[PDB]
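One chain comes next, on its own, written as structure tokens: the form deposited in one PDB entry.
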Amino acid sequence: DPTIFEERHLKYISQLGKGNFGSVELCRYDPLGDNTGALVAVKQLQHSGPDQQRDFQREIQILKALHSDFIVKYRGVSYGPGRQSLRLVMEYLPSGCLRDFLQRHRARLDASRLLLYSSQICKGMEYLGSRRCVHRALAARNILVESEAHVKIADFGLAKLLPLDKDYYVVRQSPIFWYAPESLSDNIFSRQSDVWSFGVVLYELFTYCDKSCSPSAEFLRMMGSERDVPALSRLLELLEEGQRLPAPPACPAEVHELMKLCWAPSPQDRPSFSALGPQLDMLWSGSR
């Protein structure tokens, strides 16, 4: 297989991203040993018990089976000495994450371009939904820039397949401001809980991920004067009363509407990615 990478030829360069249980590292796969080999992004676990290694095996098998222009490409695995020596080799995207890209290039990215990214993220998520995969980590910091007009979904650490007979599943740190109320309160996940997240991605795109405008920053402003109330508790109250994130200035009215519907209280009243996609395509193709 060209998908088996020998541990001894992967040369560590730097850290790309980092969680509790693992990290993604910039590496060179250097079979000729002369520092000319291709650069790859390599995931491995540290602080890993049986559960983490089991989930990582799932991560690998999911990403391996996906073949989308808008999802980060699987290249292979490696394995070596330890029981924690399993690696997931992926393509390396040097432009980095969309969050950082929007913060840097804010002033030259119009609504038309944010709409193109929106439409590309939505297609990636339609593709996952056709494979019955719930992503669970959809946020701009986990979207990658392949080029200035092309983004890809990354971080499949938490992704999980739906049973063949059920359209949700239940689990036993989450990014609380990206999560659907039913996920927060009841650990219920589905393609419809990813829709809620996507709405918050839209809000990230159309605020250019400005840190003054962030979901957390808006929450601290929506909070009232009671700042010793737990975030999650108060968020859940806020969402139940119908408070939502405000519409950014940059946001076309039609995209604000799509965000609100993404935040339909009930998961069944949320539009699917199949229904969101044509609208965003309408708007993007209409704004060239």
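Here, rigid core means the biggest group of C-alpha atoms that superpose within 1.5 Å across both forms. Start at 1 with the first residue shown and count on from there.
J.: Is residue 80 without coordinates in at least a third of the other compared PDB entries of this protein that model the residues flanking it?
T.: Per the records, residue 80 goes unmodelled in at least a third of the other entries.
J.: Using the PDB record, quantify the missing residues of the deposited sequence between residue 172 and residue 173 as none, 1 to 3, 4 to 9, or 10 or more.
T.: Count of unmodelled residues in between: 1 to 3.
J.: Going by the average Cα B-factor in the PDB entry, point out whether 227-235 or 62-70 comes out higher.
T.: The entry gives the higher C-alpha B-factor average to 227-235.
J.: Do the C-alpha atoms of 89-97 or of 196-204 have the higher average B factor in the entry?
T.: Per the PDB entry, the higher value belongs to 89-97.
J.: Among the candidates 176, 133, 143, 111, give the one with the maximum CA B-factor reported in the record.
T.: Result of the comparison over 176, 133, 143, 111: 111.
J.: From 265, 277, 271, 19, which pick has the Cα B-factor that tops the rest in the entry?
T.: Within the set 265, 277, 271, 19, 19 shows the top C-alpha B-factor.
J.: Among the chain's modelled residues, which third holds the C-alpha B-factor of residue 160?
T.: Within its chain, residue 160 is a middle-third residue by C-alpha B-factor, going by the deposited values.
J.: Would you mind checking where the Cα B-factor of residue 107 ranks among the modelled residues of its chain, as the lowest, middle or highest third?
T.: For residue 107, the deposited C-alpha B-factor lands in the highest third.
J.: Taking the values exactly as deposited, rank residue 251 by C-alpha B-factor within its chain and report the matching third: lowest, middle or highest.
T.: For residue 251, whose C-alpha B-factor we compare with every modelled residue in the chain, the answer is the highest third.
J.: Quick check for you: using the entry's CA B-factors within this chain, is residue 80 in the lowest, middle or highest third?
T.: Its C-alpha B-factor, which the entry lists for residue 80, ranks in the highest third among residues of this chain.
J.: Consider only the C-alpha atoms of the modelled residues in this chain, order them by B-factor as the entry records it, and name the third containing residue 166: lowest, middle or highest.
T.: Residue 166: CA B-factor falls in the highest third of its chain.
The same protein has a further form, the form deposited in another entry, not shown here; the description that follows concerns it.
J.: Overlay on the rigid core first, then point out the one of 261, 247, 39, 238 whose CA is displaced 2 Å or more between the shown form and the other one.
T.: That would be 39.
J.: After superposing the rigid core, is the C-alpha displacement of residue 30 2 Å or more between the shown form and the other one?
T.: It does shift by 2 Å or more.
J.: Taking 2 Å as the cut-off, check whether the CA of residue 13 shifts that much or more between the shown form and the other one after a rigid core fit.
T.: Shift at residue 13: 2 Å or more after core fit.
J.: Once the core is aligned, please say if the CA of residue 227 is shifted by at least 2 angstroms between the shown form and the other one.
T.: Residue 227 C-alpha, core-superposed: shift of 2 Å or more.
J.: I want to verify one pair: residue 241 and residue 227. Are their C-alpha atoms nearer or more distant in the other form compared with the form I supplied, knowing the change is 3 Å or more?
T.: Farther: residue 241 and residue 227 separate by 3 Å or more in the other form.
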